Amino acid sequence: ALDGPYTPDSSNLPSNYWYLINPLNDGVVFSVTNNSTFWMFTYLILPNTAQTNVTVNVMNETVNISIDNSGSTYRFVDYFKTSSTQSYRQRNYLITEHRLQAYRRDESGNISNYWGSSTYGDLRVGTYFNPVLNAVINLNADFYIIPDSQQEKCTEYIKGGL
């Protein structure tokens, strides 16, 4: 149906596709930096994860972050900073039954992904207005590719699983 799966890869990805990651493992599943004003990664957290300080190696830095997930399903949590020496801070999250999240970089270089919760009723695509034109995107997960004209198909997978 879908093009894929492909093994984990880093590349300066094009803008006319959604990248549907299907991470086998928790932890860092996605990252991108422009090396100057924006660093972003997504951490997949298991259900019933009490608040924990964890050390992670991401985009060539060893950093410490807080993670938590008191829910009964998976939680993909976005972390960002806007300068080299800042600490990472949490942004949006996706609550989901499935090991699936999806990313797209728009033509202005902004990262979009899925936020919210299908079960709660506020699942949405949200865009972080922090351009990273030509930045290498690290997909730390097996993934599939979906043409940008087919966002509804991507949403279907995010909601329902593969």
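Sequential numbering from 1, following the sequence displayed.
task = Take the C-alpha B-factors listed in the entry for 151-159 and for 1-9, compute each mean, and give the stretch with the larger one.
result = Between 1-9 and 151-159, it is 1-9 that shows the higher mean C-alpha B-factor.
query = Averaged over C-alpha atoms, is the B-factor higher for 45-53 or for 27-35 in this PDB entry?
reply = The entry gives the higher C-alpha B-factor average to 45-53.
request  = Tell me, please, which of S117, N60, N134, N64 has the highest C-alpha B factor according to the deposited entry?
outcome  = Across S117, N60, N134, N64, the entry lists the biggest C-alpha B-factor for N64.
ask   = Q101: which third of its chain by C-alpha temperature factor?
value = As the PDB entry reports it, the C-alpha B-factor of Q101 lands in the lowest third of its chain.
ask   = Lowest, middle or highest third of the chain for the C-alpha temperature factor of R75?
value = Its C-alpha B-factor belongs to the middle third of this chain's values.
request  = Taking the values exactly as deposited, rank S108 by C-alpha B-factor within its chain and report the matching third: lowest, middle or highest.
outcome  = Middle third.
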